[PDB]
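Just one chain is shown here, as structure tokens, and it is the form deposited in one PDB entry.
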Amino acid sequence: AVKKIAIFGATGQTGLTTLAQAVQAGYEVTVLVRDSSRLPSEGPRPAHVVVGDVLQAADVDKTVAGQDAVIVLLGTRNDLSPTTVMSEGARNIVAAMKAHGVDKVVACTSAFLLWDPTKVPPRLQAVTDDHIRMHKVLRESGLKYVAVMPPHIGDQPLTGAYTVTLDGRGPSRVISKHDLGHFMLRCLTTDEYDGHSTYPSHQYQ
């Protein structure tokens, strides 16, 4: 079973709760962070912290070495500009996984990669184009890859009661950040989603 994981994007909205949940669940967690002040003092703490950048192959290599699986929650925070950060990061992650024998990656893009592709809001098209590039990198890697394609990420509580479909239709167009992290972790203990795209959603009201 998976025991050691690396999380990329651990200081982001979804990353922080995925990190806390992973530690609480008993995983030995390594994170790559550019700025360690963005990790919390309170609550569960990662076992290992690598300071560095996902665009630097050597930093990624140090983070992936010795792991059983990788969770990818990279993103651009509020920046909607044209970008290759996520896809170039994914290229480095795949290379490091292959160099170190790691064969399982669970990575977040977005439900826009399941929905009608002519229906992406213009302001999100540039980020979506890089999610598509990252999905291609991961699909073509040959590694066991679970593509997680969430709708709007909300602040609702953790429930563990969301629905996962394979086609982008479901009970709602929202998933709480906590539930999304819980799902990422679920993907570490089953092979049922390997090679598939997944759509987690739930009605919180």
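Between two forms, the rigid core is the largest collection of C-alphas that superpose within 1.5 Å. Residues that one form lacks are left out of the comparison. Numbers follow the displayed sequence, beginning with 1.
As recorded in the PDB entry, 191-199 is the stretch of 18-26 and 191-199 with the greater mean C-alpha temperature factor.
Averaged over Cα atoms, the B-factor as recorded in the entry is higher for 135-143 than for the other of 173-181 and 135-143. The PDB entry assigns the greatest CA B-factor among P150, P157, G43, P46 to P157. When the Cα B-factors of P122, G89, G75, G101 are read from the PDB record, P122 comes out highest. When the modelled residues of the chain are ordered by C-alpha B-factor, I71 sits in the lowest third. Annotation for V31: C-alpha temperature factor in the lowest third relative to the rest of the modelled chain, per the entry.
For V105, the recorded CA B-factor ranks within the lowest third of the chain. Only modelled residues enter the ranking. For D129, the recorded CA B-factor ranks within the middle third of the chain. Only modelled residues enter the ranking. In the deposited entry, the Cα temperature factor of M97 places it in the lowest third of its chain's modelled residues.
Keep in mind that the form deposited in another entry is not shown, yet the notes after this line are about it.
Note: rigid core superposed between this form and the one not shown; among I132, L80, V85, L114, the CA shift is 2 Å or more only at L80.
Once both forms are overlaid on their core, the residue ranges between this form and the one not shown with Cα shifts reaching 2 Å in three or more consecutive positions are 77-81, 167-169.
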